[PDB]
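Reviewing the structure listed below.
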Amino acid sequence: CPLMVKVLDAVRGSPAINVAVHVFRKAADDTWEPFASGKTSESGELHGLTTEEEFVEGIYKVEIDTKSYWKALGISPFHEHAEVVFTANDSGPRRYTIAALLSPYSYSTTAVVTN
Amino acid sequence: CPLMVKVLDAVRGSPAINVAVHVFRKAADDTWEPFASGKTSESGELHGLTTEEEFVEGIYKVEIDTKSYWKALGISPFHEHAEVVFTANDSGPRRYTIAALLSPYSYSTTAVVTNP
Amino acid sequence: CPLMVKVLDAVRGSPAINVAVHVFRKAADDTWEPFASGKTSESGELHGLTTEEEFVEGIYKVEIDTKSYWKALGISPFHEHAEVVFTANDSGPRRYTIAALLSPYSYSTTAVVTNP
Amino acid sequence: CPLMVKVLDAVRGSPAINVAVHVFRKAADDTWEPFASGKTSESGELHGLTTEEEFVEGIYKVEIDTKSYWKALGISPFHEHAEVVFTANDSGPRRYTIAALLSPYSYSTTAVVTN
Ligand SMILES: O=c1cc(-c2ccc(O)c(O)c2)oc2cc(O)cc(O)c12
Ligand SMILES: O=c1cc(-c2ccc(O)c(O)c2)oc2cc(O)cc(O)c12
Ligand code: NA
Ligand code: NA
């Protein structure tokens, strides 16, 4: 798998567990088509979203359902979700990790792309 | 103005100048309708997007065109754009500052919300 | 003033008010000498720490007392304090804004440096 | 080992490799005493700094030598180093990960503390 998502909680200092994550691929008509999805594990990670065969060059969106995460912890959040939009490029490293660090009124996201 | 956007460049330690910003509002049919747009000034700030009257309750998306910014400083960056999606004014009018801190493979965004 | 500190609270989406800040400057003997201190206002900003005359070249440390801040909002936080260490004015006078964004187990800091 | 350090590079979208990291423990006289050190690996991680026996409650400082990292990449940085200061507390989770995300004029740090 060439795509992994990792989510951390800056309030609790913990992995963000059981966060829903939806991946979309941009279609020729510019709409976002569902591509893969899952929930983060006890380590805050979501593995196995896709395969090398399927993750072709294109524009992808990773939506992390942060609002539901915070609400389940009883904490009032700002954002509806965190969205990460990027082009997959075959000239670069093979493995993409999309990481996000969550707070109620702020988030950070980073891409770690490696060979 | 009840909505301001501020953008900083974490490589240079400077305001991010001339960053295009597009704001959308979710319509009754669930589509993202264009709401306002502009670009950051020499201070990295974008003022005057909207008015108290116009910025009603709704779900808003602030799209910050980071790729176009970094396609100009010689950095092929990772992201297409930073998208900030939030419900606004659902407990009455508030003032929102949407801040973003940009690097070529990473960004942070925070909201500062105040009650006038 | 050539040195300003701004602090935001990522839990509340607000300025971080009444945050104590201590600035030190490395002395010739390598010790950290007290240089200036203050606390953030209702805007989350701390102005007036120093002057152009006083803020000479050197290595400075800005200590932001985050634990004491969060020991007041009911959050036992992780860090003791955020420390920001940098060489200043070594190419002539500059204006420095040291910004920090606080969560109980994490913080970000960025510098915005401008030439007057 | 109860203490791990992980460092990422936000400019290159990569682990931050070969970054020097120094850990200190606060002594009774308030000085910082060297405790452990190393360099990050090809994964941006530094493992094996200490042991459960040695990492007793106390105040620790992790200094990450960011200036030298950026200079080796030919990039002009702001900070001398990034400093992370915290109390180790035996009531909490056993394992501490100190993570840092580096840019030339900015850094983020997070603690992930787990059982
Ligand atoms: O979004 C961020 C916004 C700001 C910020 C900094 C100065 C301001 O006058 C302001 O209105 C916002 O500072 C940051 C500082 C950080 O270290 C990380 C961040 O994400 C931000
Ligand atoms: O996105 C972030 C991701 C990570 C991160 C932390 C541990 C990992 O094993 C990893 O693969 C990524 O650490 C951060 C640490 C930060 O201080 C700020 C961030 O945005 C991140
Ligand atoms: Na309402
Ligand atoms: Na000089």
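As shown in the structure tokens, the chain order sets the letters A, B, ...; within each chain, residues go from 1, and ligands are also counted from 1 in the order they appear.
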
Practice item. Excluding residue 62 in chain D and any residue of its chain fewer than 5 positions from it, enumerate the residues within 6 Å of it, using only C-alpha atoms, and give them as a PyMOL selection string. Key: chain D and resi 22-23+83-84

Taking N, CA and C atoms for each residue, export the selection above as a compact mmCIF listing (two decimals), in the first residue's frame.
# COMPACT_ATOMS: atom_id res chain seq x y z
N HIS D 22 19.94 15.94 21.79
CA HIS D 22 20.52 15.83 23.13
C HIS D 22 19.44 15.89 24.17
N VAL D 23 19.43 14.93 25.08
CA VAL D 23 18.51 14.90 26.20
C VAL D 23 19.26 15.23 27.48
N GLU D 83 13.68 23.10 21.43
CA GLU D 83 13.84 22.64 22.80
C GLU D 83 12.48 22.13 23.26
N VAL D 84 12.43 20.96 23.87
CA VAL D 84 11.18 20.42 24.38
C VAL D 84 11.41 20.06 25.84

Exercise for review: Could you give me, as number ranges by chain, the residues within 6 Å of residue 112 in chain B, counting only C-alpha atoms and dropping anything in the same chain fewer than 6 positions from it?
Suggested key: B: 96-97; C: 13-14

Please produce a file of the residues just selected, as a PDB file, in the first residue's frame, where the atoms kept are N, CA, C and O atoms.
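Below is the file that was written, selection31.pdb:
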ATOM      1  N   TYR B  96     -14.471  35.975  12.531  1.00  0.00           N
ATOM      2  CA  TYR B  96     -13.614  34.835  12.269  1.00  0.00           C
ATOM      3  C   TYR B  96     -12.330  35.283  11.609  1.00  0.00           C
ATOM      4  O   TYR B  96     -12.359  35.935  10.570  1.00  0.00           O
ATOM      5  N   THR B  97     -11.206  34.890  12.196  1.00  0.00           N
ATOM      6  CA  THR B  97      -9.923  34.969  11.524  1.00  0.00           C
ATOM      7  C   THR B  97      -9.467  33.551  11.226  1.00  0.00           C
ATOM      8  O   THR B  97      -9.328  32.727  12.134  1.00  0.00           O
TER       9      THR B  97
ATOM     10  N   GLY C  13      -9.757  28.540  20.334  1.00  0.00           N
ATOM     11  CA  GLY C  13      -9.805  29.418  19.178  1.00  0.00           C
ATOM     12  C   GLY C  13      -9.835  30.883  19.571  1.00  0.00           C
ATOM     13  O   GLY C  13     -10.673  31.663  19.114  1.00  0.00           O
ATOM     14  N   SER C  14      -8.890  31.245  20.418  1.00  0.00           N
ATOM     15  CA  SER C  14      -8.860  32.554  21.038  1.00  0.00           C
ATOM     16  C   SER C  14      -7.431  32.977  21.267  1.00  0.00           C
ATOM     17  O   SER C  14      -6.528  32.135  21.309  1.00  0.00           O
TER      18      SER C  14
END

Can you pull out every residue within 6 Å of range 99-112 of chain A, counting only C-alpha atoms, but drop anything in the same chain fewer than 5 positions away, and send it as an mmCIF file with C-alpha atoms, in the first residue's frame?
data_model
loop_
_atom_site.group_PDB
_atom_site.id
_atom_site.type_symbol
_atom_site.label_atom_id
_atom_site.label_comp_id
_atom_site.auth_asym_id
_atom_site.auth_seq_id
_atom_site.Cartn_x
_atom_site.Cartn_y
_atom_site.Cartn_z
ATOM 1 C CA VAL A 5 -2.995 8.128 6.998
ATOM 2 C CA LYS A 6 -1.876 8.928 10.552
ATOM 3 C CA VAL A 7 -3.814 11.120 12.979
ATOM 4 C CA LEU A 8 -2.720 12.510 16.358
ATOM 5 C CA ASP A 9 -4.643 14.325 19.108
ATOM 6 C CA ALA A 10 -2.865 17.408 20.472
ATOM 7 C CA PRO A 77 -14.771 21.718 17.627
ATOM 8 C CA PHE A 78 -14.416 24.368 14.903
ATOM 9 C CA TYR B 105 4.905 19.808 2.210
ATOM 10 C CA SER B 106 2.860 20.920 5.215
ATOM 11 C CA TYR B 107 0.458 23.525 6.528
ATOM 12 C CA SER B 108 -1.255 24.491 9.749
ATOM 13 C CA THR B 109 -4.544 26.361 10.045
ATOM 14 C CA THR B 110 -6.233 27.854 13.094
ATOM 15 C CA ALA B 111 -9.377 29.792 13.686
ATOM 16 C CA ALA C 10 -5.880 26.116 19.804
ATOM 17 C CA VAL C 11 -8.461 24.589 22.162
ATOM 18 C CA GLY C 13 -9.805 29.418 19.178
ATOM 19 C CA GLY D 13 8.241 16.123 2.980
ATOM 20 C CA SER D 14 10.640 13.614 4.454
#

Practice item. Could you pull out the residues sitting within 10 Å of ligand 3, using only C-alpha atoms and all ligand atoms, and write them as an MDAnalysis selection string? Key: chainID B and resid 57 88:92

Practice item. Report as a VMD selection string: the residues of range 4-113 of chain D with a DSSP assignment of strand (DSSP E), based on the backbone of this structure. Key: chain D and resid 4 to 9 14 to 15 20 to 26 32 to 39 45 to 46 58 to 64 79 to 88 95 to 103 106 to 113

Selection to disk with C-alpha atoms, as a PDB file, in the first residue's frame:
ATOM      1  CA  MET D   4      11.614   8.043  21.390  1.00  0.00           C
ATOM      2  CA  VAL D   5      12.209  11.141  19.277  1.00  0.00           C
ATOM      3  CA  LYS D   6      10.826  11.560  15.751  1.00  0.00           C
ATOM      4  CA  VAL D   7      11.663  14.459  13.439  1.00  0.00           C
ATOM      5  CA  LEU D   8      10.061  15.417  10.113  1.00  0.00           C
ATOM      6  CA  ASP D   9      11.036  17.981   7.462  1.00  0.00           C
ATOM      7  CA  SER D  14      10.640  13.614   4.454  1.00  0.00           C
ATOM      8  CA  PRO D  15      12.038  12.297   7.673  1.00  0.00           C
ATOM      9  CA  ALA D  20      21.574  15.570  16.475  1.00  0.00           C
ATOM     10  CA  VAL D  21      19.382  15.238  19.541  1.00  0.00           C
ATOM     11  CA  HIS D  22      20.520  15.828  23.129  1.00  0.00           C
ATOM     12  CA  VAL D  23      18.508  14.896  26.200  1.00  0.00           C
ATOM     13  CA  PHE D  24      19.197  16.487  29.583  1.00  0.00           C
ATOM     14  CA  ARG D  25      17.785  15.867  33.055  1.00  0.00           C
ATOM     15  CA  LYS D  26      17.357  18.736  35.514  1.00  0.00           C
ATOM     16  CA  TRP D  32      20.766  20.639  33.007  1.00  0.00           C
ATOM     17  CA  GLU D  33      22.820  17.456  33.096  1.00  0.00           C
ATOM     18  CA  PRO D  34      23.503  15.399  29.976  1.00  0.00           C
ATOM     19  CA  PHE D  35      21.314  12.297  29.986  1.00  0.00           C
ATOM     20  CA  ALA D  36      21.354  10.725  26.505  1.00  0.00           C
ATOM     21  CA  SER D  37      21.967  11.706  22.888  1.00  0.00           C
ATOM     22  CA  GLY D  38      22.113  10.459  19.327  1.00  0.00           C
ATOM     23  CA  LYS D  39      21.323  11.220  15.710  1.00  0.00           C
ATOM     24  CA  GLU D  45      13.678   8.405  14.482  1.00  0.00           C
ATOM     25  CA  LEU D  46      15.974   8.052  17.431  1.00  0.00           C
ATOM     26  CA  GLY D  58      11.967  14.369  36.752  1.00  0.00           C
ATOM     27  CA  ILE D  59      12.185  17.289  34.367  1.00  0.00           C
ATOM     28  CA  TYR D  60      13.790  16.559  30.996  1.00  0.00           C
ATOM     29  CA  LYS D  61      14.868  18.682  28.069  1.00  0.00           C
ATOM     30  CA  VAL D  62      15.156  17.382  24.504  1.00  0.00           C
ATOM     31  CA  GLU D  63      17.249  19.673  22.296  1.00  0.00           C
ATOM     32  CA  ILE D  64      16.968  19.072  18.575  1.00  0.00           C
ATOM     33  CA  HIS D  79      16.214  28.988  15.382  1.00  0.00           C
ATOM     34  CA  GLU D  80      19.387  27.790  17.074  1.00  0.00           C
ATOM     35  CA  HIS D  81      17.628  24.574  18.062  1.00  0.00           C
ATOM     36  CA  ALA D  82      14.222  23.321  19.084  1.00  0.00           C
ATOM     37  CA  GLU D  83      13.845  22.641  22.802  1.00  0.00           C
ATOM     38  CA  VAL D  84      11.182  20.416  24.376  1.00  0.00           C
ATOM     39  CA  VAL D  85      10.933  20.586  28.188  1.00  0.00           C
ATOM     40  CA  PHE D  86       8.594  18.328  30.155  1.00  0.00           C
ATOM     41  CA  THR D  87       8.081  16.391  33.360  1.00  0.00           C
ATOM     42  CA  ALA D  88       8.135  12.604  33.238  1.00  0.00           C
ATOM     43  CA  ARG D  95       5.902   5.399  26.455  1.00  0.00           C
ATOM     44  CA  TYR D  96       6.766   8.943  25.362  1.00  0.00           C
ATOM     45  CA  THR D  97       7.255   9.951  21.761  1.00  0.00           C
ATOM     46  CA  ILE D  98       8.519  13.485  21.276  1.00  0.00           C
ATOM     47  CA  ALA D  99       7.742  14.446  17.696  1.00  0.00           C
ATOM     48  CA  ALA D 100       8.847  17.580  15.872  1.00  0.00           C
ATOM     49  CA  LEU D 101       7.924  18.966  12.460  1.00  0.00           C
ATOM     50  CA  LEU D 102      10.536  21.381  11.140  1.00  0.00           C
ATOM     51  CA  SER D 103      10.465  24.359   8.810  1.00  0.00           C
ATOM     52  CA  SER D 106       8.843  27.521  12.353  1.00  0.00           C
ATOM     53  CA  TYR D 107       8.498  24.230  14.182  1.00  0.00           C
ATOM     54  CA  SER D 108       5.795  22.210  15.842  1.00  0.00           C
ATOM     55  CA  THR D 109       6.272  19.636  18.586  1.00  0.00           C
ATOM     56  CA  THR D 110       3.840  17.120  20.007  1.00  0.00           C
ATOM     57  CA  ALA D 111       4.003  14.513  22.731  1.00  0.00           C
ATOM     58  CA  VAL D 112       2.375  11.170  22.146  1.00  0.00           C
ATOM     59  CA  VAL D 113       2.164   9.371  25.472  1.00  0.00           C
TER      60      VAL D 113
END

Can you build me a table of chain C residues sitting at most 10 Å from chain D, with the closest atom pair per residue and its distance in Å to one decimal, using only C-alpha atoms, sorted by chain and residue number, as a Markdown table?
| residue | atom | partner | partner_atom | distance |
| --- | --- | --- | --- | --- |
| C:59 | CA | D:80 | CA | 8.4 |
| C:60 | CA | D:80 | CA | 9.5 |
| C:61 | CA | D:80 | CA | 9.6 |
| C:67 | CA | D:86 | CA | 9.5 |
| C:77 | CA | D:86 | CA | 9.2 |
| C:78 | CA | D:86 | CA | 6.1 |
| C:79 | CA | D:86 | CA | 4.5 |
| C:80 | CA | D:86 | CA | 5.1 |
| C:81 | CA | D:85 | CA | 6.6 |
| C:82 | CA | D:84 | CA | 7.1 |
| C:83 | CA | D:83 | CA | 6.1 |
| C:84 | CA | D:82 | CA | 7.2 |
| C:85 | CA | D:79 | CA | 5.6 |
| C:86 | CA | D:79 | CA | 4.5 |
| C:87 | CA | D:80 | CA | 7.1 |
| C:88 | CA | D:78 | CA | 9.1 |
| C:98 | CA | D:106 | CA | 9.6 |
| C:99 | CA | D:106 | CA | 9.2 |
| C:100 | CA | D:108 | CA | 9.4 |
| C:101 | CA | D:108 | CA | 9.0 |
| C:102 | CA | D:108 | CA | 9.9 |
| C:103 | CA | D:110 | CA | 9.0 |
| C:104 | CA | D:110 | CA | 9.3 |
| C:105 | CA | D:111 | CA | 5.6 |
| C:106 | CA | D:110 | CA | 4.2 |
| C:107 | CA | D:108 | CA | 5.7 |
| C:108 | CA | D:108 | CA | 4.0 |
| C:109 | CA | D:106 | CA | 5.5 |
| C:110 | CA | D:106 | CA | 4.1 |
| C:111 | CA | D:105 | CA | 5.6 |
| C:112 | CA | D:105 | CA | 7.7 |
| C:113 | CA | D:105 | CA | 9.1 |

Exercise for review: Report as a VMD selection string: the residues of chain B with a DSSP assignment of helix (DSSP H, G or I), based on the backbone of this structure.
Suggested key: chain B and resid 66 to 70

Same residues, N, CA and C atoms, output as an mmCIF file, in the first residue's frame:
data_model
loop_
_atom_site.group_PDB
_atom_site.id
_atom_site.type_symbol
_atom_site.label_atom_id
_atom_site.label_comp_id
_atom_site.auth_asym_id
_atom_site.auth_seq_id
_atom_site.Cartn_x
_atom_site.Cartn_y
_atom_site.Cartn_z
ATOM 1 N N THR B 66 -2.459 27.526 -2.165
ATOM 2 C CA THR B 66 -1.081 27.365 -1.763
ATOM 3 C C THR B 66 -0.189 26.905 -2.925
ATOM 4 N N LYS B 67 -0.699 26.039 -3.813
ATOM 5 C CA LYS B 67 0.159 25.528 -4.884
ATOM 6 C C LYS B 67 0.596 26.674 -5.793
ATOM 7 N N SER B 68 -0.356 27.538 -6.131
ATOM 8 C CA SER B 68 -0.066 28.659 -7.009
ATOM 9 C C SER B 68 0.943 29.600 -6.336
ATOM 10 N N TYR B 69 0.842 29.760 -5.017
ATOM 11 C CA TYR B 69 1.784 30.573 -4.246
ATOM 12 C C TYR B 69 3.206 30.043 -4.358
ATOM 13 N N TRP B 70 3.419 28.756 -3.979
ATOM 14 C CA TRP B 70 4.777 28.116 -3.847
ATOM 15 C C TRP B 70 5.535 27.929 -5.153
#

**Study point:** Exercise: residue 40 in chain C partners within 10 Å, only C-alpha atoms, chain neighbours under 4 positions left out, as a list in words
**Key:** residues 4, 5, 6, 7, 15, 16, 17, 18, 19, 20, 21, 44, 45, 46, 47 and 64 of chain C

Check your understanding: Which is closest to chain D among A:40, A:51, A:114, A:66, if we use only C-alpha atoms?
Key ->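 Smallest separation from chain D among the options: A:114.
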
Review point. Looking at C:8, C:56, C:3, C:72, which one is nearest to chain B, with distances taken over only C-alpha atoms?
Key: C:8
